[PDB]
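Down below is the structure, laid out as structure tokens.
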Amino acid sequence: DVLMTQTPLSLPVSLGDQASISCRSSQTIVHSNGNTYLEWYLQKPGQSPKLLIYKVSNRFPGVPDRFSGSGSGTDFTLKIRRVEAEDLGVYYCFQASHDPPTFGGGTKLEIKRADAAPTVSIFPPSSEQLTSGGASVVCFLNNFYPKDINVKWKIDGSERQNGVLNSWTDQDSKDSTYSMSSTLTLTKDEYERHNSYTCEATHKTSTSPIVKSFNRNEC
Amino acid sequence: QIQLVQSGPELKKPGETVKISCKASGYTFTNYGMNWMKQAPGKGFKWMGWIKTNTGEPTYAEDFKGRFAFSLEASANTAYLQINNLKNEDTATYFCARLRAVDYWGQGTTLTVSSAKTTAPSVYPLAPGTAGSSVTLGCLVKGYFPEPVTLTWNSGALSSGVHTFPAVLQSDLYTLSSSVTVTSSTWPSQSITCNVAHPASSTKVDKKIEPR
Ligand SMILES: [Ca+2]
Ligand SMILES: [Ca+2]
């Protein structure tokens, strides 16, 4: 099996800059007919892969001139001339020269943008969840960059670690930020034993934590 | 144009058999073989094998010989993938793709192999919520199986200021959420509605966000 090592594993680049993805084969990859069947694909979190480049350097219809392929031997490169936001996704090289055809592991392209602090909001369980015996406290941290952020829950002043579920969006296509959802699930009985619920976020954009909180008796 | 249309997502129990269809149009089906690819949850594409569309002669990758069968109906411009005796690790998205050197891909068919049953979600409105400049509302979609759920706001009418978060497994069941940010001079006088669809269980839920 020919293996395909891609480099790098993820690629942060600014708009307008240019990007280089490398794909290295563990054996030469000339087919018995003389051609090198090396392809590049872009996959977006939405979709199926779309062909960019076939036979090393040929562009597929409708792929813009900004993408170009080159290489030889065991060493292949995809260059992305003028990075646009639409170029977000995961790039793969692929060889169909020797069976089984094999893929590279993928490179993740991220858009490098300026730091942005999260906008944090907090929501107590709805009335309707509480009748089911359940209580999720939800905190949204919206539109921030870079992706790295820590979120802490406190209950009546006390850090709570278990029952916390986090979820990140992919990078937005409009503004290149990330968002995240943090949920603290409790029984109704445990939810009703405390008064104050706090969502605290530590982001490189500030040394002080952003705190959002509510008291069950405040409104 | 050229398209490859695959059948929809599937839930099977370990041990069962799936057949997944790949329907081509836009070209002479019999001139171009059809590949099958597996994308396991996470990263990675793996080639399963190919089938010569004009003779129905298949070729399987080493790791795919035995439980897997390629077939065609020509006859219908359809190729099929059957997977027998399903285990956990057959959980993946399956693609058909045309040409030896491969060019066009189908849109993929996700297979979930699980003994967890089809289960409808509950939808909870998240209000701030009752009495600046900006308000953020949300929707909690709790306890469904399998993926996916479709979540829109109003009826697609709100697209701006929307974040829908990927589903996470919360003891056997999925949870997802969505937030939407609107002008404070909008809500609560213009109604805001979270519309949830769970095609597997045929659930359609509208939940109005009421101030608390
Ligand atoms: Ca940028
Ligand atoms: Ca099941």
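Whatever order the structure lists ligands and atoms in, that order sets their numbers, starting from 1. Quick note: numbers below take in every heavy atom, side chains included, and nothing from hydrogens, waters or symmetry partners. Throughout, a chain's letter reflects where its sequence line sits, starting with A, and its residues are numbered from 1.
- Look at B:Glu210 and B:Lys208 and you find no salt bridge, because none of the NZ, NE, NH1 or NH2 atoms lies under 4.0 Å from a carboxylate O.
- Taking every heavy atom of both residues into account, A:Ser20 and A:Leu11 meet most closely at O-CD2, 3.8 Å.
- Salt bridge status for B:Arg67 with B:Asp90: present, with a side-chain N to carboxylate O gap under 4.0 Å.
- Taking every heavy atom of both residues into account, A:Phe140 and B:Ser177 meet most closely at CE2-OG, 3.6 Å.
- Taking the ring centroids of B:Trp105 and A:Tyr41, they lie under the 6.0 Å cut-off.
- Checking A:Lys112 against the Ca ion (ligand 1), an N/O/S atom falls under the 3.0 Å cut-off.
- In summary, the aromatic rings of B:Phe64 and B:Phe70 are positioned with their centroids too far apart to meet the 6.0 Å limit.
- Looking only at protein N/O/S atoms, the ones less than 3.0 Å from the Ca ion (ligand 2) make 2 in total.
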